[PDB]
file final.cif (mmCIF, C-alpha atoms)
data_coords
loop_
_atom_site.label_atom_id
_atom_site.label_comp_id
_atom_site.auth_asym_id
_atom_site.auth_seq_id
_atom_site.Cartn_x
_atom_site.Cartn_y
_atom_site.Cartn_z
CA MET U 1 80.12 57.51 -103.75
CA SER U 2 82.02 60.79 -104.15
CA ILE U 3 80.27 64.14 -104.67
CA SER U 4 78.44 64.45 -108.02
CA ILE U 5 77.30 67.70 -109.60
CA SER U 6 74.76 68.50 -112.32
CA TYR U 7 74.85 71.97 -113.88
CA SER U 8 73.14 73.89 -116.65
CA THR U 9 75.60 74.92 -119.45
CA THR U 10 74.75 78.52 -118.67
CA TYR U 11 77.09 78.23 -115.64
CA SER U 12 80.00 76.46 -117.44
CA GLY U 13 82.37 79.35 -116.75
CA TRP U 14 81.11 80.23 -113.27
CA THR U 15 82.86 79.04 -110.14
CA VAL U 16 80.75 77.07 -107.61
CA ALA U 17 81.33 79.74 -104.91
CA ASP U 18 80.20 82.60 -107.16
CA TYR U 19 77.22 80.63 -108.40
CA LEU U 20 76.14 79.95 -104.80
CA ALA U 21 76.72 83.52 -103.62
CA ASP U 22 74.58 84.72 -106.55
CA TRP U 23 71.92 82.04 -105.93
CA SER U 24 71.69 83.02 -102.20
CA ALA U 25 71.21 86.71 -103.03
CA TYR U 26 68.64 85.68 -105.69
CA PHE U 27 66.66 83.36 -103.36
CA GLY U 28 67.10 85.82 -100.51
CA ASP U 29 65.92 85.44 -96.93
CA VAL U 30 62.44 83.98 -96.23
CA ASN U 31 62.62 85.37 -92.68
CA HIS U 32 62.02 81.99 -91.04
CA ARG U 33 62.75 82.76 -87.39
CA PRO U 34 60.86 83.21 -84.09
CA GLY U 35 57.89 85.53 -84.40
CA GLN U 36 58.27 85.59 -88.22
CA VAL U 37 56.76 82.12 -88.98
CA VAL U 38 53.07 83.05 -88.53
CA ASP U 39 51.50 81.17 -91.50
CA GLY U 40 52.54 78.73 -94.28
CA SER U 41 54.16 81.27 -96.60
CA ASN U 42 57.76 80.67 -95.40
CA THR U 43 57.72 77.16 -93.83
CA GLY U 44 58.33 74.99 -96.89
CA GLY U 45 57.32 71.33 -96.66
CA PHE U 46 58.38 67.75 -96.14
CA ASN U 47 57.76 64.69 -98.29
CA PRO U 48 55.96 62.90 -96.74
CA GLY U 49 55.80 65.10 -93.60
CA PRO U 50 54.48 66.31 -91.30
CA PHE U 51 57.93 66.90 -89.68
CA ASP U 52 60.13 64.28 -91.38
CA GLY U 53 60.95 63.47 -94.99
CA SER U 54 63.18 62.14 -97.68
CA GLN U 55 62.72 65.67 -99.06
CA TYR U 56 62.41 69.13 -97.60
CA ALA U 57 61.61 71.90 -100.10
CA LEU U 58 61.09 75.66 -99.97
CA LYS U 59 60.20 78.46 -102.39
CA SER U 60 61.66 81.95 -102.16
CA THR U 61 59.16 84.61 -101.01
CA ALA U 62 61.06 87.10 -103.22
CA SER U 63 61.54 85.19 -106.50
CA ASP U 64 60.69 81.98 -108.36
CA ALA U 65 63.81 80.43 -106.72
CA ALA U 66 63.50 77.18 -104.81
CA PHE U 67 65.59 74.40 -103.34
CA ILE U 68 65.02 70.73 -102.54
CA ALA U 69 67.09 69.05 -99.86
CA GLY U 70 67.15 65.24 -100.22
CA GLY U 71 68.06 62.58 -97.67
CA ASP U 72 66.50 61.38 -94.39
CA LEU U 73 65.56 64.57 -92.62
CA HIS U 74 63.85 65.37 -89.32
CA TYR U 75 62.55 68.57 -87.74
CA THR U 76 62.23 68.77 -83.94
CA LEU U 77 59.70 71.59 -84.09
CA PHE U 78 59.04 72.49 -80.38
CA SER U 79 60.75 69.46 -78.80
CA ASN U 80 64.27 70.03 -77.41
CA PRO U 81 66.52 71.02 -79.04
CA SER U 82 63.83 73.22 -80.58
CA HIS U 83 63.79 74.16 -84.26
CA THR U 84 66.50 71.73 -85.27
CA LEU U 85 66.68 70.10 -88.70
CA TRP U 86 68.83 66.97 -88.45
CA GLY U 87 69.36 63.59 -90.11
CA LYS U 88 71.02 62.70 -93.40
CA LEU U 89 71.46 65.21 -96.20
CA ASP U 90 72.43 63.44 -99.53
CA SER U 91 71.50 66.19 -101.93
CA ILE U 92 70.73 69.83 -102.66
CA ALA U 93 68.96 70.81 -105.89
CA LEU U 94 68.76 74.54 -106.77
CA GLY U 95 66.55 76.12 -109.41
CA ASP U 96 63.31 77.83 -110.34
CA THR U 97 59.69 76.81 -109.98
CA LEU U 98 59.10 74.23 -107.27
CA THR U 99 56.47 71.66 -108.23
CA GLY U 100 54.72 68.83 -106.45
CA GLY U 101 54.87 67.80 -102.80
CA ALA U 102 53.87 64.97 -100.48
CA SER U 103 50.37 64.51 -102.02
CA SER U 104 51.83 64.06 -105.56
CA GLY U 105 54.63 61.66 -104.59
CA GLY U 106 57.54 64.11 -104.43
CA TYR U 107 58.93 67.56 -104.98
CA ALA U 108 60.66 68.52 -108.22
CA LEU U 109 61.91 71.66 -109.97
CA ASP U 110 60.64 72.67 -113.43
CA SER U 111 63.95 74.45 -114.11
CA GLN U 112 66.85 73.06 -112.08
CA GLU U 113 70.07 75.10 -112.40
CA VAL U 114 72.53 73.09 -110.28
CA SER U 115 72.36 70.01 -108.02
CA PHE U 116 74.91 68.57 -105.56
CA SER U 117 74.54 64.84 -104.73
CA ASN U 118 76.30 62.26 -102.53
CA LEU U 119 76.95 64.96 -99.92
CA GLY U 120 77.18 62.27 -97.20
CA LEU U 121 76.15 64.64 -94.40
CA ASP U 122 74.69 63.15 -91.24
CA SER U 123 73.92 65.20 -88.13
CA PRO U 124 72.51 63.82 -84.85
CA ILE U 125 69.60 65.40 -83.01
CA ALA U 126 71.57 66.24 -79.85
CA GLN U 127 73.85 68.66 -81.68
CA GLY U 128 70.82 70.93 -82.21
CA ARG U 129 71.24 73.96 -84.45
CA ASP U 130 75.05 73.53 -84.34
CA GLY U 131 74.66 70.47 -86.58
CA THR U 132 76.06 70.69 -90.08
CA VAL U 133 72.81 69.61 -91.80
CA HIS U 134 70.89 72.32 -89.92
CA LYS U 135 73.35 75.05 -90.84
CA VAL U 136 73.59 74.01 -94.50
CA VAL U 137 69.81 74.05 -95.01
CA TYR U 138 69.02 77.05 -92.80
CA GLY U 139 71.69 78.94 -94.75
CA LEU U 140 69.77 78.30 -97.96
CA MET U 141 66.55 79.52 -96.27
CA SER U 142 68.17 82.70 -94.93
CA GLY U 143 70.29 84.10 -97.82
CA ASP U 144 73.69 82.74 -96.68
CA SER U 145 75.10 79.66 -98.47
CA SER U 146 78.51 79.67 -96.73
CA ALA U 147 77.85 76.45 -94.75
CA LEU U 148 76.95 74.60 -97.99
CA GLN U 149 79.94 76.16 -99.78
CA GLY U 150 82.17 74.89 -96.95
CA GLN U 151 80.85 71.32 -97.18
CA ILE U 152 81.14 71.22 -100.98
CA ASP U 153 84.71 72.58 -100.77
CA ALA U 154 85.77 69.80 -98.37
CA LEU U 155 84.17 67.08 -100.55
CA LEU U 156 85.82 68.35 -103.74
CA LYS U 157 89.25 68.55 -102.07
CA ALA U 158 88.85 64.91 -100.96
CA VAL U 159 88.39 63.86 -104.61
CA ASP U 160 91.51 65.86 -105.63
CA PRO U 161 93.25 68.86 -103.95
CA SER U 162 93.28 70.79 -107.27
CA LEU U 163 89.45 70.87 -107.00
CA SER U 164 87.65 73.44 -104.86
CA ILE U 165 84.57 75.61 -104.50
CA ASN U 166 86.62 77.97 -106.77
CA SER U 167 86.83 75.55 -109.65
CA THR U 168 84.47 76.30 -112.53
CA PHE U 169 81.71 73.83 -113.35
CA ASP U 170 83.54 72.94 -116.60
CA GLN U 171 86.78 72.24 -114.64
CA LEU U 172 84.78 69.99 -112.32
CA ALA U 173 83.34 68.25 -115.41
CA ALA U 174 86.84 67.66 -116.86
CA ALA U 175 87.72 66.09 -113.48
CA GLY U 176 84.73 63.67 -113.70
CA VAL U 177 82.84 65.19 -110.72
CA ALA U 178 80.31 67.30 -112.62
CA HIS U 179 78.20 66.88 -115.74
CA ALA U 180 76.48 69.49 -117.93
CA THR U 181 72.76 69.14 -118.78
CA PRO U 182 72.17 66.98 -121.97
CA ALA U 183 70.73 69.99 -123.91
#
call {"tool": "encode", "arguments": {"input": "final.cif", "output": "structure tokens"}}
result
Amino acid sequence: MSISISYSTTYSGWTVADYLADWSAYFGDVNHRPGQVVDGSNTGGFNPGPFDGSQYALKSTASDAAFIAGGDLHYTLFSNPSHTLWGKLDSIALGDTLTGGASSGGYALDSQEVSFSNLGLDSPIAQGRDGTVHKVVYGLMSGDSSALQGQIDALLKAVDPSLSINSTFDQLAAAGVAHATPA
């Protein structure tokens, strides 16, 4: 499976890079770092959890923005290497209004903007916070989507070298990689 993209028609004329830069600034930084995770307000959650899931999801503390990372994900918590998210990352869904969770059988978004699927990312535990999965997801938590942008760029170029993070969603749709919402 090659990378597949779903996008709201709103972003037809946007490039993926610009969309993601704007989304990152919109979601912001939840300030998830040592000494700044003191309650549940900026942890997010796993489905099913407690520290592992086919989904990890997080709401912005600033806005209604949220993301859902899909795959086979693991968090080391306090075990070495500490505070490492690793495993398989298949998908990233970006949007507004996170719903659900482990107790209701999964996370969803009420208003998804864009999703990237078949990412094929797979990072081992021993790589720690240098792992690609860790950096992609932590980027989305911390207001910097450059790691995700980098991985999407590489996957698009592998489909065809005319495709990049700087293609518009409509260009990517013409190329058979992306698809606009039914509407």
call {"tool": "resolve_selection", "arguments": {"input": "final.cif", "expression": "the PyMOL selection byres ((chain U and resi 134-151) around 7)", "output": "list in words"}}
result
residues 17, 20, 21, 24, 25, 27, 28, 29, 30, 31, 84, 85, 86, 129, 130, 131, 132, 133, 152, 153, 154, 155 and 165 of chain U
call {"tool": "atom_distance", "arguments": {"input": "final.cif", "atom1": "CA of residue 103 (chain U)", "atom2": "CA of residue 48 (chain U)"}}
result
7.9 Å
call {"tool": "resolve_selection", "arguments": {"input": "final.cif", "expression": "the PyMOL selection byres ((chain U and resi 69) around 10)", "output": "MDAnalysis selection string"}}
result
chainID U and resid 46 53:58 67:68 70:73 88:94 107 115:117 133 136:137 140
call {"tool": "resolve_selection", "arguments": {"input": "final.cif", "expression": "the PyMOL selection byres ((chain U and resi 7) around 12)", "output": "PDB file with C-alpha atoms, keeping the file's coordinate frame"}}
result
ATOM      1  CA  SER U   4      78.440  64.450-108.020  1.00  0.00           C
ATOM      2  CA  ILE U   5      77.300  67.700-109.600  1.00  0.00           C
ATOM      3  CA  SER U   6      74.760  68.500-112.320  1.00  0.00           C
ATOM      4  CA  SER U   8      73.140  73.890-116.650  1.00  0.00           C
ATOM      5  CA  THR U   9      75.600  74.920-119.450  1.00  0.00           C
ATOM      6  CA  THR U  10      74.750  78.520-118.670  1.00  0.00           C
ATOM      7  CA  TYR U  11      77.090  78.230-115.640  1.00  0.00           C
ATOM      8  CA  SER U  12      80.000  76.460-117.440  1.00  0.00           C
ATOM      9  CA  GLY U  13      82.370  79.350-116.750  1.00  0.00           C
ATOM     10  CA  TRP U  14      81.110  80.230-113.270  1.00  0.00           C
ATOM     11  CA  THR U  15      82.860  79.040-110.140  1.00  0.00           C
ATOM     12  CA  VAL U  16      80.750  77.070-107.610  1.00  0.00           C
ATOM     13  CA  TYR U  19      77.220  80.630-108.400  1.00  0.00           C
ATOM     14  CA  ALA U  93      68.960  70.810-105.890  1.00  0.00           C
ATOM     15  CA  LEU U  94      68.760  74.540-106.770  1.00  0.00           C
ATOM     16  CA  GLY U  95      66.550  76.120-109.410  1.00  0.00           C
ATOM     17  CA  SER U 111      63.950  74.450-114.110  1.00  0.00           C
ATOM     18  CA  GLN U 112      66.850  73.060-112.080  1.00  0.00           C
ATOM     19  CA  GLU U 113      70.070  75.100-112.400  1.00  0.00           C
ATOM     20  CA  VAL U 114      72.530  73.090-110.280  1.00  0.00           C
ATOM     21  CA  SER U 115      72.360  70.010-108.020  1.00  0.00           C
ATOM     22  CA  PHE U 116      74.910  68.570-105.560  1.00  0.00           C
ATOM     23  CA  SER U 117      74.540  64.840-104.730  1.00  0.00           C
ATOM     24  CA  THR U 168      84.470  76.300-112.530  1.00  0.00           C
ATOM     25  CA  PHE U 169      81.710  73.830-113.350  1.00  0.00           C
ATOM     26  CA  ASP U 170      83.540  72.940-116.600  1.00  0.00           C
ATOM     27  CA  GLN U 171      86.780  72.240-114.640  1.00  0.00           C
ATOM     28  CA  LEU U 172      84.780  69.990-112.320  1.00  0.00           C
ATOM     29  CA  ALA U 173      83.340  68.250-115.410  1.00  0.00           C
ATOM     30  CA  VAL U 177      82.840  65.190-110.720  1.00  0.00           C
ATOM     31  CA  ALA U 178      80.310  67.300-112.620  1.00  0.00           C
ATOM     32  CA  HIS U 179      78.200  66.880-115.740  1.00  0.00           C
ATOM     33  CA  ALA U 180      76.480  69.490-117.930  1.00  0.00           C
ATOM     34  CA  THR U 181      72.760  69.140-118.780  1.00  0.00           C
ATOM     35  CA  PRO U 182      72.170  66.980-121.970  1.00  0.00           C
ATOM     36  CA  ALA U 183      70.730  69.990-123.910  1.00  0.00           C
TER      37      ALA U 183
END
call {"tool": "closest_residue", "arguments": {"input": "final.cif", "among": "U:65, U:81, U:43, U:52", "to": "residue 125 (chain U)", "atoms": "all atoms listed in the file"}}
result
U:81
call {"tool": "closest_residue", "arguments": {"input": "final.cif", "among": "U:44, U:101, U:106, U:51", "to": "residue 77 (chain U)", "atoms": "only C-alpha atoms"}}
result
U:51
call {"tool": "closest_residue", "arguments": {"input": "final.cif", "among": "U:76, U:97, U:42, U:82", "to": "residue 63 (chain U)", "atoms": "only C-alpha atoms"}}
result
U:97
call {"tool": "atom_distance", "arguments": {"input": "final.cif", "atom1": "CA of residue 158 (chain U)", "atom2": "CA of residue 118 (chain U)"}}
result
12.9 Å
call {"tool": "atom_distance", "arguments": {"input": "final.cif", "atom1": "CA of residue 174 (chain U)", "atom2": "CA of residue 3 (chain U)"}}
result
14.3 Å
call {"tool": "axis_aligned_box", "arguments": {"input": "final.cif", "around": "region 47-63 of chain U", "padding_each_side": "8 Å", "output": "JSON"}}
result
{"center_x": 58.8, "center_y": 74.6, "center_z": -98.1, "size_x": 24.7, "size_y": 41.0, "size_z": 32.8}
call {"tool": "closest_residue", "arguments": {"input": "final.cif", "among": "U:75, U:123, U:59, U:161", "to": "residue 108 (chain U)", "atoms": "only C-alpha atoms"}}
result
U:59
call {"tool": "closest_residue", "arguments": {"input": "final.cif", "among": "U:109, U:74, U:166, U:157", "to": "residue 124 (chain U)", "atoms": "only C-alpha atoms"}}
result
U:74
